[PDB]
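Read through the structure below, which is laid out as structure tokens, and then see the notes.
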Amino acid sequence: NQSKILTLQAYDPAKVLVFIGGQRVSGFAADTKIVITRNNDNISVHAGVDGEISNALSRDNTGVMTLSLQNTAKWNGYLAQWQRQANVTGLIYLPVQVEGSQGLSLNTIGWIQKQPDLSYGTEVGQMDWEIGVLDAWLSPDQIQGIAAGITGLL
Amino acid sequence: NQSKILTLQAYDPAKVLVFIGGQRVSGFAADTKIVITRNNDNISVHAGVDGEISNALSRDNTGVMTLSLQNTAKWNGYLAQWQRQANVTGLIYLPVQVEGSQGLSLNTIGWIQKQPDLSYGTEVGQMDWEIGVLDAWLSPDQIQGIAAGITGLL
Amino acid sequence: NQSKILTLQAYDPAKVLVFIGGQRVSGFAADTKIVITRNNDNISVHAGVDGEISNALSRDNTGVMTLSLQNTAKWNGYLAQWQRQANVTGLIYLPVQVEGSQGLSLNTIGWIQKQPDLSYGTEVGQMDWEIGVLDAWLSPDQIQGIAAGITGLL
Amino acid sequence: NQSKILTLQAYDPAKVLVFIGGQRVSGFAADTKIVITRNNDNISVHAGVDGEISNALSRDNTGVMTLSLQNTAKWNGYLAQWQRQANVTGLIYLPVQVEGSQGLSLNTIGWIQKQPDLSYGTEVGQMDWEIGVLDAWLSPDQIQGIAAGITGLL
Amino acid sequence: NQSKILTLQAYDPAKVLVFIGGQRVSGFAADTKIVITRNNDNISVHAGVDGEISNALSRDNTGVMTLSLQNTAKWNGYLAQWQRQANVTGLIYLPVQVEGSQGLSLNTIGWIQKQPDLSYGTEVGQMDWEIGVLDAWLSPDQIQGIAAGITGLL
Amino acid sequence: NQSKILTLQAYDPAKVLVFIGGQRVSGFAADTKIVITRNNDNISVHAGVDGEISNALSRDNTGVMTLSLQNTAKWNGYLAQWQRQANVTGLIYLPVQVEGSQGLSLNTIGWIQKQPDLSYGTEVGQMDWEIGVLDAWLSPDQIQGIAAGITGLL
Amino acid sequence: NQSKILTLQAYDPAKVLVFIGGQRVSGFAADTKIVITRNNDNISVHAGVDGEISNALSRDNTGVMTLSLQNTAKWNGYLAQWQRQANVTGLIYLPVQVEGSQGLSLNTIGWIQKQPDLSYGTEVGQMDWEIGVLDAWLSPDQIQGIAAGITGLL
Amino acid sequence: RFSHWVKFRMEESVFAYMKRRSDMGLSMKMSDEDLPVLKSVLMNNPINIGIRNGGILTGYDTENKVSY
Amino acid sequence: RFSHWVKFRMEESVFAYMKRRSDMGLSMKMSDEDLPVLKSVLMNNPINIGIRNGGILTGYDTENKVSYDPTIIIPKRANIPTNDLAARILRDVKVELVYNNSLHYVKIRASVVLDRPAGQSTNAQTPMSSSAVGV
Amino acid sequence: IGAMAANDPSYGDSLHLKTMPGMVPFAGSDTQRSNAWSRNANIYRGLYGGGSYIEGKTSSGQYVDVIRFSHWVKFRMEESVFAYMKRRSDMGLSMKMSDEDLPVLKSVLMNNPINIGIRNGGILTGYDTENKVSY
Amino acid sequence: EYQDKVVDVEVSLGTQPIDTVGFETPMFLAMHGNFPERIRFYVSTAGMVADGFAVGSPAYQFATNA
């Protein structure tokens, strides 16, 4: 057996596009751009004494989308001003979209949950904004779909 | 695509000005000068069993501003004396202002919350004063303002 | 702008004098001689739902003064004997004084709170006595005093 | 000022003698032979709202004396057999004595509290027996005594 | 098969032109004039347990350009003065250009990263200035371009 | 093109003058008289994932000035005595000045950081004293100044 | 300017006298007789972000004095026997004195720290004993003293 | 009346700060490192008392999409 | 007052150094190997205390493109006329300084709005520096 | 003019949908609009409650955006080169016609227009996948 | 030259300032005789009316539209 290349193209971080309200975000941090995590488990399990197993689905799809930006980036001002604008007017929701380069994507509604701490030091600082998401289901954008009707059994 | 310089000037730590009561602070620590953090999340989320989502704003803007100074700095005496002066007379509030070099700024009222521990050793010690802030909203001082009326949607 | 020397003299650890009961302590540990910490925060903050902020001063000034001595130092015997003498006779208080070299000082009443553990090994051991202090307010001994009437505002 | 030698003799670990029941213990571990720690603080402090301070002595002198021995040492058998002998007959107390080389000493009654875990591996294992002590007051064996009547004040 | 001459002209070190800010640099060292190195690898490789291989491009193009000058060269003064001028005014960037004689070239923005050490001895000393570069991609200036559309495969 | 002489005069090591406290130093080593090095880089670089580049200036100008003297030189006694004099009285700072023959110069405050090791052998030994400097910016003393306003661009 | 002779007499290695306990050492190695080095730097430096500089003296004067002797020298037996004598009786300290021929001197207390390795080969072996010193301050024995009150400034 | 009140008290506050700052020595100097404190000086006294007592308006305008 | 202070204290510092240097023997001599120490002597006392206390200005000027760094110049022996070597007095030492300035007067421009302020221009371009049309 | 004056050509920001106060919507029907487009006569049209210019075309058929970009390049390349040359000849050492000094024009031109255009998006870069050519 | 107050404030009711922008100045070739020069630069319609231009005149309309 010979080793196989898992993809034809190369994963390019610059190809990952983040659209918050219809504008592209720029000025990201060094290591990680964005992290998406679900708040709660998908399926719960109830185990009886005799061994009977029953499960119930979870309808809580809220999640948190970390966003790292350099403190010198101009987008810090946009989010800071929008925070107070929403606080005064009362409108906090805005569309959020993420395009993957060689992975999953995301397209839902979101809001600003917490403002990151600010620290000034010898080197350029970093700010990790937290953006909520109404639904944290990562959707594919590939040829997937012809095999989902094959894995099905039982 | 070519790499872009995120700024024209260079982030100079000496340009960050801290004004406590109308006087400039001097004699900072080595690594980090000041850290600003919010006490509570901006927006809370309530998730129902069926999946309905509702959110409520948070009106608690209190925060903590860490301040690192060398134990040989003269400002240790000023804060120490002001602590007892406020304890006796009963007036604890005083203006606080921070000017960013290539980042956000801050201008609110504050007070001394906790005195840092003192340790004597082989090398010069460090003291991390904690200064409270009535409101911990970092405000911009840039050309931001013409785009906040663009990101708006929904 | 040119770099400025924060002091004229040099911080000399040997110049830090500790007087417990009227005698100078000798035979300190390697890294840190003494550490002073407050037990409780200076000012508490109560934040209302609407955003109103009110604060109350704290009158608990008790603190802990760590003291590191080599297990071969003769002062271990003095403190050990005084512990039992106070236990029998019932008098535990004794004056405590600390003189800073280029920093703050302290002069209050104190007592022995906990005896450090003793360990014998390949190298000379260390003992970290804990001495309580009635008031843990570090007082200055400098030209400070002419500016405390300047920072005042609001 | 010139550096001073804190002692005339040299701290020799072999000079530390441990007598459990009237026999000298041998076959110690590599780094640390014995560790003595008090279970509870010597003096408690009650702080009132107005600032009044009152303290109460602690009469709980029980402590724990860690004892490290190589798993190949013969004293493991003695303690193991004595454990069952005490369990059957009901007598658990036995004298304990420690002689310091250039430090404090100890002489009280003690008992075996917990048997250490046993692990077999590439290298010789170690066992850390725990021996209780009725009183954990480390007593001096030096010229101390002529100065305890000097530090007294207030 | 006969040996072939790799070039028609001869590599002349004097033909290598360095333009920093629009002026030609002169007074170079003996052995090496300039060295250009990339900070990070171009492509990273992730290897799975099963043998699947995936790669991701690197967008960090920052590099370091060593520059050797005799301590008697007049350009030492220019760079030294520009260092303080940039430190005060806050502008550090300036164009950098390199022309190869029979090799690759470079044309990007750069800045002074570290000042070389100065040593006085029997012989004339040397100073190796380090100049940063925004992008360290060496570009060709030859008939290359008609074959890049030939090597392409897979 | 013809070869050009980089200077009119000849670099004479004897013309390099070192003034420590107002007196000329004499009795230098064989190869190197003095070496000046900066402790930290002038400018740091932060590179984001997308490729954005931001830089921050460094305000740490401390440096080390090596000084080589023959063990038979009389200046060894002066520095040795001054070391203890400063240790006792507490004053360690003293002016330092260096005059270049055909290179850069230096004029700042300094102190003795480490005493060199002493070795006795067949030949005359050497001692390499280390002298700290508050600021390690090598300043020019030439016609430089009319061109610094020319290299400026961008 | 004419070359000057740095001394009137000639540095004679035989004139260097080492007195360990009151007896002169004899039978030295070929190249180097003794080397004296300090364990730690004299003065530490703390540099703040803003550029403020503060320094603290170091009170650790312990040092190491290398001593090279031929394996055929009789002094190897003296030191070897004294090692065991001190190990048994517990007294390790003994006076150490060094007289320079045309350099600095030393007179403090010392002890044997490590025994050198022994190797037998075609040629006569060498042993490099390490002798500790309580204080490693090299003192002068010259006309120095009338100028130390001149270099003083600031 | 509001305009006269602002005109008088901004001036009085600034003068009171300047006089206190120059009465200890260390009078104010024209440099970027000392000028910005006027922001805090002015945000104290009138600009904040007016907001607290309701005379000065704040918030975001929904019609013109401008902030006060 | 500043001019008088400089005039007095530069002289006092130089005289104090010279007297201490000639009180041990080894009085100062007119040669290139000893003159330059006056640079350090003068940079101590007034020239540095003034910078530390803020009286003397430093830095780079952005408008005129000039630096405010204090400067000191000392002539060489070859440039000293023979007559001064008989009079034993040195001349032509030059120093430069830039004095700071206090703030005396301030003028403010306020504005008040009553109705709804008019909507601002929604241009998002980076403001250009100057018109391109120039010949 | 007010919808064109302060618009930097470096962005290539066409006039397609820019709103202009003062103008009145065009009232003709579809055929009239088709005729106007065929004659290159731009028309202001109202859509979804607002007013909007359309197609920004000129008389010759070329888009006004391209003309503005060409004029911008033509002016600013010349201004940059002249500004460098004047500064270089104002210190003496005027430029000379030799291989050792000419190449600096590459950096001079890559500064100012050629780089501002790339940063603001007006100038395209990258590799073309269809024709297999680079921009 | 002489200032009678250490601090002075001009309270302008309603009006606001505007920043200085870079731009290309347009030229409108109008026919009239209000001034002798061939070309003049104005910064507001107020200055044009102060020069004798009638409200609603071609130049005034062009300026107010621009």
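Residue by residue through E:8-21, how many Cβ atoms from other chains fall within 10 Å of the Cβ on average? Average neighbour count from other chains, rounded to a whole number: 2. With a cut-off of 17 Å on the backbone N, the residues of segment C:126-154 near the modelled label site 7 Å out from I:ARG52 along Cα-Cβ are C:143-144. Between K:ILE18 and H:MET43, the FRET efficiency estimated from the beta carbon spacing at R0 = 25 angstrom works out to 0.55.
For segment G:73-154, trypsin sites (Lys or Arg not before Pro) meeting the loop criterion (DSSP other than H, G, I, E, B) and having at most 10 other Cβ atoms within 10 Å: G:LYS74. Amide H contacts under 5 Å for I:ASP69: I:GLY59, restricted to partners 5 or more places along the chain or on a different chain, H placed in the peptide plane at 1.01 Å from N. Each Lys and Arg adds +1 at its Cβ and each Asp and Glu adds -1 at its Cβ; summed about the Cα centre, the protein assembly as shown shows a dipole of about 3140 debye. Taking G:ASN87, G:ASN40, G:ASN55 as the candidate residues, the one with maximal mean-square fluctuation in a Gaussian network model of chain G, Cα springs under 10 Å, is G:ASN55.
Placing a pseudo-label 7 Å from each Cα along the Cα-to-Cβ vector at D:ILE92 and G:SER139 gives an inter-label distance of 6.2 nm. Mean sequence separation of contacting Cα pairs (under 8 Å, at least six apart), scaled by the length of segment B:31-130, corresponds to a relative contact order of 26 percent. Across segment B:1-77, the mean sequence separation of Cα contacts (distance under 8 Å, 6 or more residues apart), normalised by length, yields a relative contact order of 32 percent. Here the dipole of segment C:1-87 is about 640 debye; that uses its Cα centre as origin and unit charges on the Cβ of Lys and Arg (positive) and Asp and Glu (negative). For the protein assembly as shown, adding -39500 (n - 2.57) for each run of n ≥ 4 DSSP H residues and dividing by the number of residues yields -5000 deg cm²/dmol at 222 nm.
On the basis of the beta-carbon distance and an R0 of 51 Å, F:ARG24 and D:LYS74 show a calculated FRET efficiency of 0.10. Amide H contacts for B:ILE112 (H built 1.01 Å from N in the peptide plane; partners 5 or more residues away or on another chain; cut-off under 5 Å): B:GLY132. Across G:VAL88, G:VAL133, G:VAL16, mean-square fluctuation computed from a Gaussian network of chain G (C-alpha pairs under 10 Å connected) peaks at G:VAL88. Backbone phi angles across segment H:14-22, fed through the Karplus curve with coefficients 6.51, -1.76 and 1.60 (θ = phi - 60°), yield HN-Hα couplings of 5, 5, 5, 5, 5, 5, 5, 5, 8 Hz in residue order; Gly and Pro are listed as x. Once backbone amide H atoms are built at 1.01 Å from N, F:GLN126 has F:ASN71, F:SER119 as its partners under 5 Å, excluding neighbours fewer than 5 places away on the same chain.
Per residue of J:97-103, other chain Cβ atoms within 10 Å of the residue Cβ number 3 on average.
How many angstrom lie between the C-alpha centres of segment A:21-73 and segment K:10-34? Between the Cα centre of segment A:21-73 and that of segment K:10-34, the gap is 54 Å. Using θ = phi - 60° in the Karplus curve 6.51 cos²θ - 1.76 cosθ + 1.60, the 3J(HN,Hα) couplings for segment D:7-22 round to 8, 8, 7, 10, 4, 10, x, 5, 6, 6, 10, 10, 10, 10, x, x Hz; x is entered for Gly and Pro. Do the alpha carbons of any pairs in E:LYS33/I:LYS39; B:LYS74/I:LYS7; B:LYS74/H:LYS29; E:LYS15/F:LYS33 sit beyond 28 Å of each other, and which pairs? The pairs that break the limit, which is 28 Å between Cα atoms, are E:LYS33/I:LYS39; B:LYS74/I:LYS7; E:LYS15/F:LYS33.
Only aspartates and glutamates eight or more places from B:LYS114 in sequence, or on another chain, were considered; those with a Cα closer than 17 Å are B:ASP128, B:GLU130, C:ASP41, C:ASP60, C:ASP135.
Taking chain C as a Gaussian network of alpha-carbon nodes connected by springs under 10 Å, the highest mean-square fluctuation of the residues C:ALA86, C:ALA56, C:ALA136 belongs to C:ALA56. Looking only at GluC sites (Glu not before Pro) in DSSP loops with at most 16 other Cβ atoms within 10 Å, what is the longest site-free stretch of chain I? Free of exposed loop sites, the longest segment is I:64-135.
Working from label points 7 Å from Cα in the Cα-to-Cβ sense, the G:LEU6 to I:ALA78 distance is 3.1 nm.
Describe numerically, in nm with one decimal, the distance between label points set 7 Å from Cα along Cα→Cβ at J:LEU109 and at I:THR62. Here the answer is 3.3 nm between the modelled labels.
What are the ³J(HN,Hα) couplings of segment I:51-63, residue after residue, when phi is run through the Karplus curve with 6.51, -1.76, 1.60 and θ = phi - 60°? Round to Hz, x for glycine and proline. Couplings: 5, 5, 8, x, x, 9, 8, 9, x, 9, 8, 7, 7 Hz.
Note that we place each Cβ from the backbone using ideal geometry, even for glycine, and neighbour counts take in every protein chain shown. Every number in this text was worked out from the coordinates using simple rules, so none of it is lab data.
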